[PDB]
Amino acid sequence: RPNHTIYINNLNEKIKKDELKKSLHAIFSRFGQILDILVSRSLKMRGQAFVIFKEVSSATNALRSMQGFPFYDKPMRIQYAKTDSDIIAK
C-alpha cells in the first residue's frame, strides 16, 4: 500500500484546479516535498487529487495526519494510489 503518492477525493468540485492545487500544496507541503500535485476536473477525474511526495514516508504522515480533515467544508478521503506516478514510475 504505502506509496510516494497519496490519493485524495471527496474534494469540493466547486474549487478550481489553480486554487485547489495552491491550497492542497499549502496544507500538505507541511509533511515533506511535493514532486507535484495532479488535479483534473474532467467527468471522472473530478473531486479527487493526487499528491506525490519526495519521500514515501511523507505520504504516510499525510494520510495518517489529515484523514477526514475539513477542507472547504468537506472532509478528505485519503488513501494510497493503487499505482505509482509516471514520475515515480519512470
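The numbering used is simple: start at 1 and walk along the sequence shown.
Per the entry, higher mean C-alpha B factor between 38-46 and 52-60: Per the PDB record, 38-46.
Lowest, middle or highest third - CA B-factor, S85: It belongs to the highest third of the chain when residues are ordered by C-alpha B-factor.
Chain-wide C-alpha B factor ranking for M76, given as lowest, middle or highest third: Ranked within chain, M76 CA B lands in the middle tercile.
For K22, the third of its chain into which the C-alpha B factor falls: Middle third, going by the recorded CA B-factors of the chain.
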